[PDB]
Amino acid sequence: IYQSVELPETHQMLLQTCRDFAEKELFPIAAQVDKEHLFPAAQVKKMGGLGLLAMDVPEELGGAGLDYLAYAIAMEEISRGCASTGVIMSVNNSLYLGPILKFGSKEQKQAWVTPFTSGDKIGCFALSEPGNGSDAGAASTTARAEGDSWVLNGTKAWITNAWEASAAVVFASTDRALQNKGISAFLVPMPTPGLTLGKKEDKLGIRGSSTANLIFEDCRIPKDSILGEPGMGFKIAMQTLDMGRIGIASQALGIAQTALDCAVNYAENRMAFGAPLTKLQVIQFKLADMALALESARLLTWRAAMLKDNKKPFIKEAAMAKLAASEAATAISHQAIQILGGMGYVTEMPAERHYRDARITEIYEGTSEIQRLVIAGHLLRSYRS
């Protein structure tokens, strides 16, 4: 538990209602969502009604019309409840709706954003492939113009929400020879002829999200399915990832926060040598380092969100947030498990789950390594400035 730096009442109330939602709707289902690898359909629907799946989306498109600070706060609060619910919400907000928001036509937004703001339909984000994730520009899924259609061939890998999404923002090369000047974004309906979902990934964590390959074999979509112009798909993917990284940062904050909550509450009631673990100096330090890691990571997350909100550049900041929050989430969740001792290793405590859930935040939407590359490039640019 931290000190809201100076939050406006709108985001204060947003935090509370999300926290209330997460504690009422997500905390009791988080264990089943993870153990039964069960997509939290009912809750995602209720979240859509609340505008949580479309926070940055203008209301006239059916969204909540909030900002990315709001999103960061909601994302942390939801992911505190359920990390899977969190990334599901994050994919829809950041990775699916975001690029259609930033790059669609009016027609595209009306048809692909608005039907995906209420929880009845969620989207997904298909950039990674089996051969390339970090090397996103190596996308070898092809899109070929033919007739009134784009013809998509290839396999997209690791698509969060693959098994629940009704639409996908897919990145395919419209020319591989052009490299990352040859990627394009396509709005793809799901399901649609030519599109086979791969087997669900058996995941370490965020087990309530589906992750699967999108398999395009001669998958034909209208020519106006392209998002933006041919070739700007990479920049679309990158800028979407900049915003998304704020969401994953906030997801990581959630996991971190709930792991710290679990560690504290357990340490206050677990007894050692006649007194709570929180009397042990060693436990105190762990808690202190967890709090510091977490609040540090949140300030970075808020910074990136606030920068994006204020139309300031935020790539470095989003990456730092995503990096710090993710490594905090693992570190905190690792230490939550440790503070719980034996109980940290077992399923009748949520700590092992946070640890598993935390792990993913270091990986997708750009691994920690990629985040550091992103940070270093922008740090260096700012110095040559």
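For every residue, the number given is its place in the sequence shown, counted from 1.
For the pair 335-343 and 56-64, the mean B factor over Cα atoms is greater in 56-64. If you average the C-alpha B-factors over 163-171 and over 109-117, the higher value belongs to 109-117.
Per the PDB entry, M232 shows the highest C-alpha temperature factor of the residues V87, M232, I255, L101.
As recorded in the PDB entry, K46 shows the highest C-alpha B-factor of the residues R353, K322, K46, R359. Sort the chain's modelled residues by C-alpha temperature factor and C18 lands in the middle third, per the entry. Looking at the C-alpha B-factors along this chain, the one for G182 belongs to the middle third. Sorting the modelled residues of the chain by their CA temperature factor places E201 in the lowest third.
Among all modelled residues in its chain, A293 ranks in the lowest third by Cα B-factor. Annotation for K223: C-alpha temperature factor in the highest third relative to the rest of the modelled chain, per the entry.
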